[PDB]
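Taking it in order: structure first as structure tokens, then the write-up.
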Amino acid sequence: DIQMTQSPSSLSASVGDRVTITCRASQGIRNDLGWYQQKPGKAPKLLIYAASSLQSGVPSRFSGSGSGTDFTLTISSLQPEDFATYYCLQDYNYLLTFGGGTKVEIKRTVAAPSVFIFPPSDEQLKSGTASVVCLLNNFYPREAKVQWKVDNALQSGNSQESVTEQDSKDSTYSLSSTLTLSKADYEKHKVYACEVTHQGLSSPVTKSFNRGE
Amino acid sequence: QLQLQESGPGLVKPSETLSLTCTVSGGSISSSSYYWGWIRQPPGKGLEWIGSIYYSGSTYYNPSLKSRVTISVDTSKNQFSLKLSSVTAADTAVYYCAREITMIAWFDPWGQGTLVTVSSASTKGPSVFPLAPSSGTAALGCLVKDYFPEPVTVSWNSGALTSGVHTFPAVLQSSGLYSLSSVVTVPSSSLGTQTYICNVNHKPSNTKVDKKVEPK
């Protein structure tokens, strides 16, 4: 089958820059090429069809070029809402193949996270487990460290983290860390602390609570 | 304005048959200018075309799945459907329907996509716990714990509250069950007057829960 080699796999560009994504066909496909944009949790959206024809409603800063084996999607002036994964599609000889995709990340200024800590709810303590949640809100870049302290004792293996994708408006990230304990062990201790280190903070920020109060 | 609504179960047992239907509104599926296709996307992976169908019934299939795929069209009911036989865990993916124009690589519009999990495991509904705000702006949220399979949908105030909302990707736990949290930042002055309700929907178990979040 005809193979579409899409490149690069991922790129990082600032707002206003020119993004260039290339897609190479293993053999000639004339102009039977389409370019698609996929934002998180949404279906792919058509940007360009027939290699260089702009779809109605698509902003003019998107443009495609090429014929034969070499095709190019260009975003002339990158915008925050353009964070997405982009895909080429060929349908030559009525056998369709997609490229591997290009994840386009937005490069912006450092933003320090806002940190919140949530105690376990009362109705969950009735089930026998306790979940402490730590929220890191609207930060950039993505690298961040979270440490849990139970009576100022470090925890490991009892927490999981989740990170949102880059926000389409401010280009920041958010992270949530969930520390899960048994009810029996949640009641043995008083101090529950969440400690975050990030590039945008002059020194680690700690949010904490005491069981009760 | 053409709209595609797809339907079908999101959980299929191994070796059984995946079945999905796409219903076309705002236009006729009996158009000589369009084909009607299925595309799938495994979690974290790329896009794969499954096949397309013309309103007369002629089909074009992805040859790597042709032995296992059937695509039919029902012009009287303005639908087209997909059947995938002997599914395995490798068939877990989000399945999309789309309207196609041949040769120019045109897929527009698309369905919202249905995630289908191939697993023999049983369906489990989630428990929802409040992330109570404790403190200019305050953060509050919901903990959606212990469900199977994916996905759950979370909105706030039945969709009326969207700004500042962050629903985090689901997290797989050691038991094999999923868990996520959804949070929103609001002005602290609205806590005792404005109501903040998270609406959790888990279609595999047909469970819809509304948890009102109050300061503890």
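Chains: A, B, ... in order of the structure tokens. Residues: from 1 per chain. Ligands: from 1, in order shown.
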
Write down, as a ChimeraX atom specification, each residue of chain B that has any atom within 8 Å of an atom of chain A, counting only C-alpha atoms.
/B:46-49,60-62,96,102-113,129-134,139,166-171,181

Expected file contents, prior selection, N, CA and C atoms, as a CSV table (one decimal), in the first residue's frame:
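Produced file out_7.csv, reproduced below:
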chain,number,residue,atom,x,y,z
B,46,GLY,N,-2.8,6.7,15.7
B,46,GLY,CA,-3.3,7.5,14.5
B,46,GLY,C,-4.6,7.0,14.0
B,47,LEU,N,-4.9,7.5,12.8
B,47,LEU,CA,-6.2,7.3,12.1
B,47,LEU,C,-6.1,6.2,11.1
B,48,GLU,N,-7.1,5.3,11.1
B,48,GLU,CA,-7.1,4.2,10.1
B,48,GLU,C,-8.5,4.2,9.5
B,49,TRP,N,-8.5,4.3,8.1
B,49,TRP,CA,-9.7,4.1,7.4
B,49,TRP,C,-10.2,2.7,7.3
B,60,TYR,N,-16.0,0.1,-0.7
B,60,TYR,CA,-14.6,0.1,-0.8
B,60,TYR,C,-14.1,-0.1,0.6
B,61,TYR,N,-13.3,-1.2,0.8
B,61,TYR,CA,-12.8,-1.6,2.1
B,61,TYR,C,-11.3,-1.4,2.3
B,62,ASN,N,-10.8,-1.2,3.5
B,62,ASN,CA,-9.4,-1.2,3.8
B,62,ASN,C,-9.0,-2.7,3.7
B,96,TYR,N,-15.2,6.6,14.1
B,96,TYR,CA,-15.9,7.7,13.5
B,96,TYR,C,-16.6,7.4,12.3
B,102,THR,N,-14.6,11.4,-2.9
B,102,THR,CA,-13.5,10.6,-3.4
B,102,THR,C,-12.5,11.5,-4.1
B,103,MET,N,-11.3,10.9,-4.2
B,103,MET,CA,-10.1,11.4,-5.0
B,103,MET,C,-9.5,12.7,-4.3
B,104,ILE,N,-10.3,13.6,-3.7
B,104,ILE,CA,-9.8,14.8,-3.1
B,104,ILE,C,-9.5,14.6,-1.6
B,105,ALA,N,-9.6,13.4,-1.1
B,105,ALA,CA,-9.3,13.2,0.3
B,105,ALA,C,-10.1,14.0,1.3
B,106,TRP,N,-11.4,14.1,1.0
B,106,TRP,CA,-12.4,14.9,1.8
B,106,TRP,C,-13.2,14.1,2.7
B,107,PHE,N,-13.1,14.4,4.0
B,107,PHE,CA,-14.0,13.8,5.0
B,107,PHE,C,-14.6,14.9,5.8
B,108,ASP,N,-15.9,15.2,5.5
B,108,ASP,CA,-16.6,16.3,6.2
B,108,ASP,C,-18.1,16.2,6.0
B,109,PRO,N,-18.9,16.2,7.0
B,109,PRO,CA,-18.5,16.3,8.4
B,109,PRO,C,-18.2,14.9,9.0
B,110,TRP,N,-17.9,14.9,10.3
B,110,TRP,CA,-17.6,13.7,11.1
B,110,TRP,C,-18.6,13.5,12.2
B,111,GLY,N,-18.8,12.3,12.6
B,111,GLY,CA,-19.5,12.0,13.8
B,111,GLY,C,-18.6,12.3,15.0
B,112,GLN,N,-19.2,12.4,16.2
B,112,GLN,CA,-18.5,12.8,17.4
B,112,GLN,C,-17.5,11.7,17.9
B,113,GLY,N,-17.6,10.5,17.3
B,113,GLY,CA,-16.8,9.4,17.7
B,113,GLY,C,-17.3,8.6,18.8
B,129,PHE,N,-17.5,11.8,44.3
B,129,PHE,CA,-17.3,12.5,45.6
B,129,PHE,C,-16.9,13.9,45.3
B,130,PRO,N,-17.3,14.8,46.2
B,130,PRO,CA,-17.0,16.2,46.0
B,130,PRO,C,-15.6,16.6,46.4
B,131,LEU,N,-15.0,17.4,45.6
B,131,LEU,CA,-13.7,18.1,46.0
B,131,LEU,C,-14.1,19.4,46.6
B,132,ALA,N,-14.4,19.5,47.9
B,132,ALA,CA,-15.0,20.6,48.5
B,132,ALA,C,-14.0,21.8,48.5
B,133,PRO,N,-14.4,23.0,48.1
B,133,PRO,CA,-13.5,24.2,48.2
B,133,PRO,C,-13.3,24.6,49.6
B,134,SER,N,-12.0,24.7,49.9
B,134,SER,CA,-11.5,25.1,51.3
B,134,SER,C,-10.5,26.3,51.1
B,139,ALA,N,-11.1,26.9,44.2
B,139,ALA,CA,-11.2,25.7,43.3
B,139,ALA,C,-12.1,24.7,44.0
B,166,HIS,N,-11.5,22.1,34.2
B,166,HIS,CA,-10.5,21.2,33.8
B,166,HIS,C,-10.9,19.8,34.2
B,167,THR,N,-11.3,19.0,33.2
B,167,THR,CA,-11.6,17.6,33.4
B,167,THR,C,-10.4,16.8,33.0
B,168,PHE,N,-9.8,16.1,33.9
B,168,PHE,CA,-8.5,15.4,33.7
B,168,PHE,C,-8.6,14.1,33.0
B,169,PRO,N,-7.6,13.7,32.3
B,169,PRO,CA,-7.7,12.3,31.6
B,169,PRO,C,-7.9,11.2,32.7
B,170,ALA,N,-8.6,10.2,32.3
B,170,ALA,CA,-8.9,9.1,33.2
B,170,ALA,C,-7.6,8.4,33.6
B,171,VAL,N,-7.5,7.8,34.7
B,171,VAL,CA,-6.4,7.1,35.2
B,171,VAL,C,-6.7,5.7,35.6
B,181,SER,N,-10.9,13.1,37.9
B,181,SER,CA,-11.4,14.2,38.6
B,181,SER,C,-11.7,15.3,37.6

Residues of range 93-180 of chain A classed as alpha helix (DSSP H) by DSSP on the backbone are to be reported as a ChimeraX atom specification.
/A:122-125

Would you put the residues from that selection into a file with N, CA, C and O atoms, as a compact mmCIF listing (two decimals), in the first residue's frame?
# COMPACT_ATOMS: atom_id res chain seq x y z
N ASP A 122 -16.54 13.20 53.18
CA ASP A 122 -17.06 12.40 54.29
C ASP A 122 -17.73 11.13 53.80
O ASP A 122 -17.61 10.08 54.45
N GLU A 123 -18.43 11.18 52.67
CA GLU A 123 -19.12 9.99 52.19
C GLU A 123 -18.17 8.97 51.57
O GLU A 123 -18.54 7.80 51.43
N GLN A 124 -16.95 9.38 51.20
CA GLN A 124 -15.97 8.37 50.80
C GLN A 124 -15.33 7.69 52.01
O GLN A 124 -15.03 6.49 51.94
N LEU A 125 -15.17 8.40 53.12
CA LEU A 125 -14.62 7.75 54.31
C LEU A 125 -15.56 6.68 54.85
O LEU A 125 -15.13 5.85 55.66

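Using only C-alpha atoms, the smallest distance between any of B:143, B:177, B:200, B:2 and residue 26 in chain B comes from B:2.
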
Quick check, in Å to one decimal: how far apart do CA of residue 61 in chain A and CA of residue 77 in chain A lie?
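According to the coordinates, CA of residue 61 in chain A and CA of residue 77 in chain A are separated by 6.2 Å.
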
Residues near residue 202 in chain A, anyone? I mean within 10 Å using only C-alpha atoms, not counting same-chain ones fewer than 4 positions away, as number ranges by chain.
A: 112, 197-198
